[PDB]
Structure formats: structure tokens, C-alpha cells
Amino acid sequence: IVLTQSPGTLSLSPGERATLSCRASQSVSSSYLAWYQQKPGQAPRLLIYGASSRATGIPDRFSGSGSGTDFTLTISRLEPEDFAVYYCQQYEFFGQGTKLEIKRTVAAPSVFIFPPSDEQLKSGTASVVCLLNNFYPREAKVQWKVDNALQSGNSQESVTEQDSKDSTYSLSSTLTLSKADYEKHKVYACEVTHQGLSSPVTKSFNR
């Protein structure tokens, strides 16, 4: 019901060769496999039909090939416009999608912390924001500590799309508390871990 695509994420530098895989379902014929590109905020875009035929207007660096159940989409020379999500399709079945990201050197995050605004405190809620800026790869861990006690279940995080200039990611982690809980404690801290960091980074402040 959902076709399998590999890898989940493919990281390459512009100008390299990309190969994406899709395993069709054996119950249904595979002669009608198609590939699609989807960029943020846009509808998908037909790239390859019939497993190996380019759609009109598609540059020749895109090519398709396939056996009976194993199909591959190849991009010969990655242009910066080619980094996006790619889906395979077989009748009513879509693939899980493969994200093609730009691969850069490892960059550790710059960590900043923001207390709640007095405005928000007047309303009865307190949001503490921990910012991880311009890092790569995408994997990171943020741990919150209030008066040196590990928190859990009171934080949500968001991550940007890959930056078009420097190819880095940025991550936000927001700790939400009531005014009462926020005023019962003294020190608020976020501890960041990342493969570029030799030791954890902690940013904190005193209410």
C-alpha cells in the first residue's frame, strides 16, 4: 500500500551523481512506474514515466531504469535545484519518499537561550526558547533542566529546511510552563549535544 524507497535521506554535494531506489509491489504490474519531484509548498512534478521515459521538459540529467521490481532514479549531475523530495508511484501506490539534501562539512550548533517575555508572563504562561543555529548534520539532542532537574514532556522542537546559502540547519526547542510553575524555580537550562561538539554545551539563565 506504501512502496519502499531507499535511502530515507540521501546527502550529496552539488555536481555529484544521485541514485534513488524504489521497490515496486509484486501484486500489481510494474511496467507503469513513475517518479515525482516535490519542492516545499509545491505540488509534485512528474519526472519519469514508464520506469525509464522522461516527462516533457525534464532535463536529461534525470534518467530511470528498472528490472521487474527494483527501480532506480538517477540524477547524473546534481544542480542546486535538484535537492528536494522524490516519490515513486505504481498505480494507486506511492512511495514513502526520499529526501535529497545538500551535504556539507560538520558544523556544531551555536546555542542561545531566551527567557519568557514579561508580556507573556502577564497572561499566565511562560515559554523558554533554546535556539540551535546553523549546524550540520541534522541530528541533534536538546535536554532541558530546571534547577538541575531533567524535564520531559514539556518541550517541542522545530527544525528549518536546509539553508540555501550555507546548507545548515537550525533547531528551536520551546519549554512551556505555567506562570506559577515558572516562578517556583530559579535556573533554566538547555543542554545541547551534536557530533561536532566534543562536550555538551549548556546555556542557562536565572529568573
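Just count from 1 along the sequence shown to find any residue number.
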Would you mind comparing 86-94 and 121-129 for me and telling me which has the higher average C-alpha temperature factor in the entry?
-> 121-129
Of the two stretches 26-34 and 135-143, which shows the higher Cα B-factor on average in the entry?
-> 26-34
Selection by C-alpha B-factor (highest) of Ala149, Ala43, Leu171, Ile48 | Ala149
Between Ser155, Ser53, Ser67, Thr56, where does the Cα B-factor run highest in the record?
-> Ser67
Lowest, middle or highest third: where is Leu197 by C-alpha B factor in its chain?
-> lowest
Third of chain Cα B-factors occupied by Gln162 = middle
Can you tell me which third, lowest, middle or highest, the CA B-factor of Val187 falls into for its chain?
-> middle
Among all modelled residues of this chain, ranked by Cα B factor, put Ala107 in the bottom, middle or top third, i.e. lowest, middle or highest.
-> middle
If you rank every modelled residue in this chain by C-alpha B factor, which third holds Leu100: lowest, middle or highest?
-> middle
